[PDB]
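Source file: data.cif (mmCIF, N, CA, C and O atoms)
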data_structure
loop_
_atom_site.label_atom_id
_atom_site.label_comp_id
_atom_site.auth_asym_id
_atom_site.auth_seq_id
_atom_site.Cartn_x
_atom_site.Cartn_y
_atom_site.Cartn_z
N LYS A 795 19.73 5.95 12.13
CA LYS A 795 19.71 5.26 10.86
C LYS A 795 21.06 4.59 10.63
O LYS A 795 21.91 5.07 9.90
N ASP A 796 21.24 3.45 11.28
CA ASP A 796 22.42 2.62 11.08
C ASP A 796 21.95 1.35 10.38
O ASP A 796 21.64 0.35 11.01
N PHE A 797 21.90 1.41 9.06
CA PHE A 797 21.51 0.26 8.26
C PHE A 797 22.70 -0.33 7.54
O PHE A 797 22.59 -0.76 6.40
N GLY A 798 23.84 -0.36 8.19
CA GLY A 798 24.98 -1.05 7.65
C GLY A 798 25.65 -0.38 6.49
O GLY A 798 26.44 -1.03 5.79
N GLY A 799 25.39 0.89 6.25
CA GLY A 799 25.97 1.60 5.14
C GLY A 799 24.99 2.01 4.09
O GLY A 799 25.34 2.80 3.21
N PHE A 800 23.76 1.52 4.15
CA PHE A 800 22.77 1.86 3.15
C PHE A 800 22.10 3.16 3.56
O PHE A 800 21.78 3.35 4.73
N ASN A 801 21.94 4.04 2.59
CA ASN A 801 21.40 5.36 2.82
C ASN A 801 20.01 5.60 2.26
O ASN A 801 19.86 6.14 1.18
N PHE A 802 19.00 5.18 2.99
CA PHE A 802 17.64 5.44 2.57
C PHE A 802 17.26 6.80 3.10
O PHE A 802 16.41 6.91 3.98
N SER A 803 17.87 7.85 2.59
CA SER A 803 17.48 9.15 3.08
C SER A 803 16.63 9.79 2.01
O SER A 803 15.81 10.66 2.29
N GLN A 804 16.82 9.35 0.78
CA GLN A 804 16.04 9.86 -0.32
C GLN A 804 14.65 9.27 -0.40
O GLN A 804 13.82 9.79 -1.14
N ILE A 805 14.37 8.20 0.34
CA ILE A 805 13.05 7.60 0.31
C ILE A 805 12.34 7.66 1.64
O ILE A 805 11.11 7.62 1.67
N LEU A 806 13.04 7.75 2.73
CA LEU A 806 12.40 7.93 4.01
C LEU A 806 11.88 9.35 4.13
O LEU A 806 12.42 10.26 3.51
N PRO A 807 10.81 9.57 4.90
CA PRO A 807 10.22 10.91 4.98
C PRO A 807 11.12 11.91 5.66
O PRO A 807 11.87 11.57 6.58
N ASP A 808 11.05 13.15 5.21
CA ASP A 808 11.86 14.21 5.74
C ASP A 808 11.09 14.93 6.83
O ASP A 808 10.07 15.56 6.53
N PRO A 809 11.53 14.88 8.09
CA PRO A 809 10.79 15.58 9.14
C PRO A 809 11.05 17.07 9.15
O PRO A 809 10.23 17.83 9.67
N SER A 810 12.16 17.51 8.57
CA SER A 810 12.55 18.92 8.56
C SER A 810 12.03 19.63 7.32
O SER A 810 12.79 20.26 6.58
N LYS A 811 10.72 19.53 7.11
CA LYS A 811 9.94 20.16 6.05
C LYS A 811 8.48 19.84 6.38
O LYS A 811 8.24 18.89 7.13
N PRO A 812 7.48 20.57 5.88
CA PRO A 812 6.11 20.13 6.09
C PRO A 812 5.68 19.06 5.09
O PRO A 812 6.44 18.65 4.21
N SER A 813 4.49 18.50 5.36
CA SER A 813 3.82 17.40 4.66
C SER A 813 4.49 16.04 4.85
O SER A 813 3.89 15.02 4.49
N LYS A 814 5.68 16.03 5.46
CA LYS A 814 6.39 14.83 5.91
C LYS A 814 6.61 13.83 4.79
O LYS A 814 6.23 12.66 4.89
N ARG A 815 7.21 14.29 3.71
CA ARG A 815 7.45 13.46 2.55
C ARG A 815 8.94 13.33 2.31
O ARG A 815 9.73 14.16 2.75
N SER A 816 9.29 12.30 1.57
CA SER A 816 10.65 12.07 1.18
C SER A 816 11.07 13.08 0.13
O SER A 816 10.22 13.78 -0.42
N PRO A 817 12.37 13.23 -0.11
CA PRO A 817 12.80 14.04 -1.24
C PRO A 817 12.24 13.60 -2.58
O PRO A 817 11.81 14.44 -3.37
N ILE A 818 12.16 12.29 -2.82
CA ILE A 818 11.67 11.82 -4.10
C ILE A 818 10.18 12.07 -4.23
O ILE A 818 9.70 12.49 -5.28
N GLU A 819 9.42 11.88 -3.15
CA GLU A 819 8.00 12.20 -3.18
C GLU A 819 7.75 13.69 -3.36
O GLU A 819 6.76 14.08 -3.98
N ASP A 820 8.65 14.53 -2.84
CA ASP A 820 8.59 15.96 -3.10
C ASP A 820 8.74 16.26 -4.57
O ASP A 820 7.98 17.06 -5.13
N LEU A 821 9.73 15.66 -5.22
CA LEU A 821 9.87 15.98 -6.63
C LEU A 821 8.80 15.34 -7.48
O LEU A 821 8.47 15.88 -8.54
N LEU A 822 8.20 14.25 -7.02
CA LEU A 822 7.06 13.70 -7.73
C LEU A 822 5.85 14.60 -7.61
O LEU A 822 5.07 14.72 -8.56
N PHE A 823 5.65 15.25 -6.46
CA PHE A 823 4.52 16.17 -6.42
C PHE A 823 4.80 17.48 -7.13
O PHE A 823 3.88 18.06 -7.71
N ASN A 824 6.03 17.96 -7.11
CA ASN A 824 6.31 19.21 -7.80
C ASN A 824 6.39 19.05 -9.30
O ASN A 824 6.20 20.03 -10.02
N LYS A 825 6.63 17.84 -9.81
CA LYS A 825 6.72 17.65 -11.25
C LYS A 825 5.41 17.26 -11.90
O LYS A 825 5.38 17.14 -13.13
N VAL A 826 4.35 17.04 -11.14
CA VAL A 826 3.03 16.79 -11.71
C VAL A 826 2.15 17.98 -11.40
O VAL A 826 1.86 18.26 -10.23
N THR A 827 1.72 18.68 -12.44
CA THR A 827 0.95 19.90 -12.31
C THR A 827 -0.50 19.63 -12.67
O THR A 827 -0.80 19.24 -13.80
N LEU A 828 -1.40 19.84 -11.71
CA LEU A 828 -2.82 19.61 -11.90
C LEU A 828 -3.42 20.64 -12.85
O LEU A 828 -4.48 20.41 -13.44
N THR B 696 -11.01 12.09 12.19
CA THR B 696 -10.07 11.86 11.11
C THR B 696 -9.58 10.43 11.28
O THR B 696 -9.34 10.02 12.41
N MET B 697 -9.48 9.68 10.18
CA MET B 697 -9.30 8.24 10.32
C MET B 697 -7.94 7.92 10.88
O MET B 697 -6.96 8.62 10.63
N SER B 698 -7.89 6.87 11.69
CA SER B 698 -6.62 6.29 12.07
C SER B 698 -6.24 5.30 10.99
O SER B 698 -7.07 4.51 10.54
N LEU B 699 -4.99 5.32 10.58
CA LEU B 699 -4.55 4.43 9.53
C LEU B 699 -4.09 3.10 10.10
O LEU B 699 -3.70 2.20 9.37
N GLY B 700 -4.15 2.96 11.41
CA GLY B 700 -3.80 1.72 12.07
C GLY B 700 -2.98 2.06 13.29
O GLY B 700 -2.62 3.21 13.53
N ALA B 701 -2.69 1.04 14.08
CA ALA B 701 -1.89 1.19 15.28
C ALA B 701 -0.46 1.52 14.90
O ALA B 701 -0.02 1.22 13.80
N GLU B 702 0.27 2.13 15.82
CA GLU B 702 1.66 2.47 15.59
C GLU B 702 2.54 1.41 16.22
O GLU B 702 2.36 1.06 17.38
N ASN B 703 3.47 0.87 15.44
CA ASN B 703 4.23 -0.30 15.83
C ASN B 703 5.70 -0.13 15.43
O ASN B 703 6.23 -0.92 14.67
N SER B 704 6.32 0.95 15.88
CA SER B 704 7.76 1.13 15.70
C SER B 704 8.55 -0.04 16.28
O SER B 704 8.57 -0.25 17.49
N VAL B 705 9.20 -0.80 15.41
CA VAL B 705 9.72 -2.13 15.73
C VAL B 705 11.18 -1.95 16.11
O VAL B 705 11.84 -1.00 15.69
N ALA B 706 11.70 -2.85 16.95
CA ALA B 706 12.95 -2.64 17.66
C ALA B 706 14.13 -3.03 16.79
O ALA B 706 14.80 -4.02 17.04
N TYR B 707 14.39 -2.23 15.77
CA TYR B 707 15.53 -2.50 14.91
C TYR B 707 16.81 -2.14 15.63
O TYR B 707 17.03 -0.98 15.99
N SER B 708 17.66 -3.11 15.83
CA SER B 708 19.04 -2.90 16.20
C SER B 708 19.90 -3.42 15.07
O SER B 708 19.39 -3.92 14.08
N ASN B 709 21.21 -3.29 15.21
CA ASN B 709 22.06 -3.78 14.15
C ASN B 709 22.47 -5.21 14.31
O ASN B 709 23.06 -5.77 13.41
N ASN B 710 22.19 -5.85 15.48
CA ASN B 710 22.55 -7.23 15.67
C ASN B 710 21.46 -8.01 16.37
O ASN B 710 21.74 -9.01 17.02
N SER B 711 20.21 -7.59 16.25
CA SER B 711 19.17 -8.34 16.92
C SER B 711 18.14 -8.78 15.90
O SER B 711 17.75 -7.99 15.05
N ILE B 712 17.68 -10.02 16.03
CA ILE B 712 16.73 -10.61 15.11
C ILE B 712 15.57 -11.13 15.94
O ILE B 712 15.69 -11.34 17.14
N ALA B 713 14.41 -11.25 15.31
CA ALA B 713 13.27 -11.86 15.97
C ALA B 713 12.92 -13.12 15.22
O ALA B 713 12.84 -13.11 13.99
N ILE B 714 12.72 -14.20 15.95
CA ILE B 714 12.45 -15.48 15.29
C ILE B 714 11.20 -16.10 15.90
O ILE B 714 11.05 -16.06 17.12
N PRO B 715 10.28 -16.59 15.11
CA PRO B 715 9.06 -17.20 15.64
C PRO B 715 9.28 -18.47 16.43
O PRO B 715 10.17 -19.25 16.12
N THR B 716 8.46 -18.69 17.44
CA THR B 716 8.55 -19.89 18.25
C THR B 716 7.41 -20.85 17.94
O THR B 716 7.62 -22.05 17.80
N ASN B 717 6.22 -20.30 17.82
CA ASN B 717 5.02 -21.04 17.47
C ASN B 717 4.44 -20.49 16.19
O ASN B 717 4.88 -19.47 15.66
N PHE B 718 3.42 -21.16 15.64
CA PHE B 718 2.80 -20.70 14.42
C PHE B 718 1.30 -20.82 14.58
O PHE B 718 0.83 -21.48 15.50
N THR B 719 0.56 -20.18 13.70
CA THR B 719 -0.86 -20.44 13.58
C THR B 719 -1.18 -20.77 12.14
O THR B 719 -0.74 -20.08 11.23
N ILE B 720 -1.92 -21.85 11.94
CA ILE B 720 -2.48 -22.18 10.64
C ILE B 720 -3.76 -21.38 10.52
O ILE B 720 -4.66 -21.51 11.34
N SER B 721 -3.86 -20.53 9.52
CA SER B 721 -5.04 -19.70 9.40
C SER B 721 -5.68 -19.88 8.04
O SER B 721 -5.01 -19.86 7.02
N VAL B 722 -6.99 -20.03 8.04
CA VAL B 722 -7.76 -20.19 6.82
C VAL B 722 -8.53 -18.91 6.59
O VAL B 722 -9.43 -18.59 7.35
N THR B 723 -8.17 -18.18 5.55
CA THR B 723 -8.91 -16.99 5.18
C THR B 723 -9.76 -17.33 3.97
O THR B 723 -9.59 -18.37 3.35
N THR B 724 -10.69 -16.46 3.64
CA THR B 724 -11.59 -16.73 2.53
C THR B 724 -11.47 -15.62 1.50
O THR B 724 -10.99 -14.53 1.79
N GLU B 725 -11.87 -15.93 0.28
CA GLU B 725 -11.79 -14.93 -0.78
C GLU B 725 -12.85 -15.22 -1.82
O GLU B 725 -12.92 -16.33 -2.33
N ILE B 726 -13.66 -14.23 -2.14
CA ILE B 726 -14.84 -14.40 -2.96
C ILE B 726 -14.63 -13.66 -4.26
O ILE B 726 -14.30 -12.47 -4.25
N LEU B 727 -14.79 -14.35 -5.37
CA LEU B 727 -14.59 -13.75 -6.67
C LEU B 727 -15.80 -14.06 -7.54
O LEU B 727 -16.16 -15.22 -7.69
N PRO B 728 -16.45 -13.06 -8.10
CA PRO B 728 -17.50 -13.33 -9.08
C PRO B 728 -16.89 -13.81 -10.38
O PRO B 728 -15.92 -13.24 -10.86
N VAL B 729 -17.45 -14.87 -10.94
CA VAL B 729 -16.96 -15.37 -12.22
C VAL B 729 -17.96 -15.22 -13.34
O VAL B 729 -17.55 -15.24 -14.50
N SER B 730 -19.25 -15.02 -13.09
CA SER B 730 -20.18 -14.99 -14.20
C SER B 730 -21.38 -14.14 -13.86
O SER B 730 -21.62 -13.79 -12.71
N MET B 731 -22.12 -13.79 -14.89
CA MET B 731 -23.30 -12.95 -14.88
C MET B 731 -24.50 -13.83 -15.19
O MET B 731 -24.36 -15.02 -15.44
N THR B 732 -25.69 -13.25 -15.18
CA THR B 732 -26.82 -13.92 -15.79
C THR B 732 -26.81 -13.64 -17.28
O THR B 732 -26.42 -12.56 -17.72
N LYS B 733 -27.22 -14.63 -18.06
CA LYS B 733 -27.17 -14.52 -19.51
C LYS B 733 -28.50 -13.96 -20.00
O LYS B 733 -29.34 -14.67 -20.55
N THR B 734 -28.69 -12.67 -19.79
CA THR B 734 -29.88 -12.06 -20.35
C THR B 734 -29.72 -11.87 -21.84
O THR B 734 -28.62 -11.87 -22.38
N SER B 735 -30.85 -11.69 -22.51
CA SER B 735 -30.83 -11.39 -23.93
C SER B 735 -32.11 -10.65 -24.26
O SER B 735 -33.20 -11.17 -24.02
N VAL B 736 -31.99 -9.45 -24.79
CA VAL B 736 -33.13 -8.61 -25.11
C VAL B 736 -33.20 -8.45 -26.61
O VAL B 736 -32.28 -7.93 -27.24
N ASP B 737 -34.31 -8.90 -27.18
CA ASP B 737 -34.64 -8.63 -28.57
C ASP B 737 -34.99 -7.16 -28.73
O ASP B 737 -35.65 -6.60 -27.86
N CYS B 738 -34.51 -6.51 -29.80
CA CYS B 738 -34.95 -5.13 -30.01
C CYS B 738 -36.41 -5.05 -30.36
O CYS B 738 -37.10 -4.17 -29.87
N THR B 739 -36.85 -5.88 -31.30
CA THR B 739 -38.10 -5.62 -31.99
C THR B 739 -39.27 -5.76 -31.05
O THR B 739 -40.25 -5.01 -31.14
N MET B 740 -39.17 -6.67 -30.09
CA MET B 740 -40.28 -6.81 -29.17
C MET B 740 -40.17 -5.75 -28.09
O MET B 740 -41.19 -5.33 -27.53
N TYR B 741 -38.96 -5.29 -27.81
CA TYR B 741 -38.78 -4.25 -26.81
C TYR B 741 -39.31 -2.92 -27.32
O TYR B 741 -40.20 -2.32 -26.72
N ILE B 742 -38.78 -2.47 -28.45
CA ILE B 742 -39.09 -1.16 -28.99
C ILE B 742 -40.49 -1.11 -29.55
O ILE B 742 -41.23 -0.14 -29.33
N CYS B 743 -40.91 -2.16 -30.25
CA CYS B 743 -42.21 -2.19 -30.89
C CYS B 743 -43.17 -3.17 -30.23
O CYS B 743 -44.25 -2.78 -29.78
N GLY B 744 -42.80 -4.43 -30.13
CA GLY B 744 -43.71 -5.41 -29.60
C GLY B 744 -44.45 -6.13 -30.70
O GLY B 744 -43.85 -6.85 -31.50
#
Let me see whether you can do it: turn the structure in this file into structure tokens.
Amino acid sequence: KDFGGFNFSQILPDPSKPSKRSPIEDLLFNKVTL
Amino acid sequence: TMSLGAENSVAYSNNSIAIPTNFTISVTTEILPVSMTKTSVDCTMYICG
């Protein structure tokens, strides 16, 4: 991830967790309760 | 289980660009309904006649 200094780590999916979601998508699923 | 499409990991480098050489003119189509039939039902003949 050499994008010239830009850090899309909060939006790109996280492989070191299950369901393969980004940090922000994780908090979007944990903050909406069915 | 459905495939969501082909996998196309594209060759991002920090100093390489891809530029088109040729083009295609493509005509696609798109269909939109704009109107209904103008039915009209009287109650009195329907319910009673």
Find the residues of chain B in contact range of chain A, meaning any atom within 8 Å when counting all atoms listed in the file, and list them as a compact mmCIF listing (two decimals) with N, CA, C and O atoms, keeping the file's coordinate frame.
# COMPACT_ATOMS: atom_id res chain seq x y z
N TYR B 707 14.39 -2.23 15.77
CA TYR B 707 15.53 -2.50 14.91
C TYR B 707 16.81 -2.14 15.63
O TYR B 707 17.03 -0.98 15.99
N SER B 708 17.66 -3.11 15.83
CA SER B 708 19.04 -2.90 16.20
C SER B 708 19.90 -3.42 15.07
O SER B 708 19.39 -3.92 14.08
N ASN B 709 21.21 -3.29 15.21
CA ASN B 709 22.06 -3.78 14.15
C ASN B 709 22.47 -5.21 14.31
O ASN B 709 23.06 -5.77 13.41
N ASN B 710 22.19 -5.85 15.48
CA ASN B 710 22.55 -7.23 15.67
C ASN B 710 21.46 -8.01 16.37
O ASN B 710 21.74 -9.01 17.02
- Item | Residue list (alpha helix (DSSP H), DSSP) for chain B, as a ChimeraX atom specification | /B:738-742
Atoms kept (N, CA, C and O atoms) for selection, written as a PDB file, keeping the file's coordinate frame:
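The resulting selection.pdb:
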ATOM      1  N   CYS B 738     -34.510  -6.510 -29.800  1.00  0.00           N
ATOM      2  CA  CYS B 738     -34.950  -5.130 -30.010  1.00  0.00           C
ATOM      3  C   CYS B 738     -36.410  -5.050 -30.360  1.00  0.00           C
ATOM      4  O   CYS B 738     -37.100  -4.170 -29.870  1.00  0.00           O
ATOM      5  N   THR B 739     -36.850  -5.880 -31.300  1.00  0.00           N
ATOM      6  CA  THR B 739     -38.100  -5.620 -31.990  1.00  0.00           C
ATOM      7  C   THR B 739     -39.270  -5.760 -31.050  1.00  0.00           C
ATOM      8  O   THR B 739     -40.250  -5.010 -31.140  1.00  0.00           O
ATOM      9  N   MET B 740     -39.170  -6.670 -30.090  1.00  0.00           N
ATOM     10  CA  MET B 740     -40.280  -6.810 -29.170  1.00  0.00           C
ATOM     11  C   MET B 740     -40.170  -5.750 -28.090  1.00  0.00           C
ATOM     12  O   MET B 740     -41.190  -5.330 -27.530  1.00  0.00           O
ATOM     13  N   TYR B 741     -38.960  -5.290 -27.810  1.00  0.00           N
ATOM     14  CA  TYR B 741     -38.780  -4.250 -26.810  1.00  0.00           C
ATOM     15  C   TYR B 741     -39.310  -2.920 -27.320  1.00  0.00           C
ATOM     16  O   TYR B 741     -40.200  -2.320 -26.720  1.00  0.00           O
ATOM     17  N   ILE B 742     -38.780  -2.470 -28.450  1.00  0.00           N
ATOM     18  CA  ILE B 742     -39.090  -1.160 -28.990  1.00  0.00           C
ATOM     19  C   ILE B 742     -40.490  -1.110 -29.550  1.00  0.00           C
ATOM     20  O   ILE B 742     -41.230  -0.140 -29.330  1.00  0.00           O
TER      21      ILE B 742
END
- Message: One decimal, in Å: what's the spacing between CA of residue 804 in chain A and atom N of residue 820 in chain A?
- Response: 9.1 Å
- Task: Using CA of residue 703 in chain B and CA of residue 722 in chain B as the two end points, give the distance in Å to one decimal.
- Result: 24.9 Å
- What is the distance between atom C of residue 805 in chain A and atom N of residue 705 in chain B, in Å to one decimal?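 Separation of atom C of residue 805 in chain A and atom N of residue 705 in chain B: 16.5 Å.
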Nearby residues (all atoms listed in the file) at most 7 Å from range 815-818 of chain A, same-chain spacing under 5 positions excluded, as a PDB file with N, CA, C and O atoms, keeping the file's coordinate frame:
ATOM      1  N   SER A 803      17.870   7.850   2.590  1.00  0.00           N
ATOM      2  CA  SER A 803      17.480   9.150   3.080  1.00  0.00           C
ATOM      3  C   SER A 803      16.630   9.790   2.010  1.00  0.00           C
ATOM      4  O   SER A 803      15.810  10.660   2.290  1.00  0.00           O
ATOM      5  N   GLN A 804      16.820   9.350   0.780  1.00  0.00           N
ATOM      6  CA  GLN A 804      16.040   9.860  -0.320  1.00  0.00           C
ATOM      7  C   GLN A 804      14.650   9.270  -0.400  1.00  0.00           C
ATOM      8  O   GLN A 804      13.820   9.790  -1.140  1.00  0.00           O
ATOM      9  N   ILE A 805      14.370   8.200   0.340  1.00  0.00           N
ATOM     10  CA  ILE A 805      13.050   7.600   0.310  1.00  0.00           C
ATOM     11  C   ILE A 805      12.340   7.660   1.640  1.00  0.00           C
ATOM     12  O   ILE A 805      11.110   7.620   1.670  1.00  0.00           O
ATOM     13  N   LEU A 806      13.040   7.750   2.730  1.00  0.00           N
ATOM     14  CA  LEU A 806      12.400   7.930   4.010  1.00  0.00           C
ATOM     15  C   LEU A 806      11.880   9.350   4.130  1.00  0.00           C
ATOM     16  O   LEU A 806      12.420  10.260   3.510  1.00  0.00           O
ATOM     17  N   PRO A 807      10.810   9.570   4.900  1.00  0.00           N
ATOM     18  CA  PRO A 807      10.220  10.910   4.980  1.00  0.00           C
ATOM     19  C   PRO A 807      11.120  11.910   5.660  1.00  0.00           C
ATOM     20  O   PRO A 807      11.870  11.570   6.580  1.00  0.00           O
ATOM     21  N   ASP A 808      11.050  13.150   5.210  1.00  0.00           N
ATOM     22  CA  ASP A 808      11.860  14.210   5.740  1.00  0.00           C
ATOM     23  C   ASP A 808      11.090  14.930   6.830  1.00  0.00           C
ATOM     24  O   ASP A 808      10.070  15.560   6.530  1.00  0.00           O
ATOM     25  N   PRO A 809      11.530  14.880   8.090  1.00  0.00           N
ATOM     26  CA  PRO A 809      10.790  15.580   9.140  1.00  0.00           C
ATOM     27  C   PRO A 809      11.050  17.070   9.150  1.00  0.00           C
ATOM     28  O   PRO A 809      10.230  17.830   9.670  1.00  0.00           O
ATOM     29  N   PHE A 823       5.650  15.250  -6.460  1.00  0.00           N
ATOM     30  CA  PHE A 823       4.520  16.170  -6.420  1.00  0.00           C
ATOM     31  C   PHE A 823       4.800  17.480  -7.130  1.00  0.00           C
ATOM     32  O   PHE A 823       3.880  18.060  -7.710  1.00  0.00           O
ATOM     33  N   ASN A 824       6.030  17.960  -7.110  1.00  0.00           N
ATOM     34  CA  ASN A 824       6.310  19.210  -7.800  1.00  0.00           C
ATOM     35  C   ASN A 824       6.390  19.050  -9.300  1.00  0.00           C
ATOM     36  O   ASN A 824       6.200  20.030 -10.020  1.00  0.00           O
TER      37      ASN A 824
END
Return the padded bounding box of range 811-814 of chain A as JSON: axis-aligned, built from all atoms listed in the file, 3 Å added on each side, with centre and edge lengths in Å to one decimal.
{"center_x": 7.3, "center_y": 16.6, "center_z": 5.7, "size_x": 12.9, "size_y": 13.9, "size_z": 8.9}
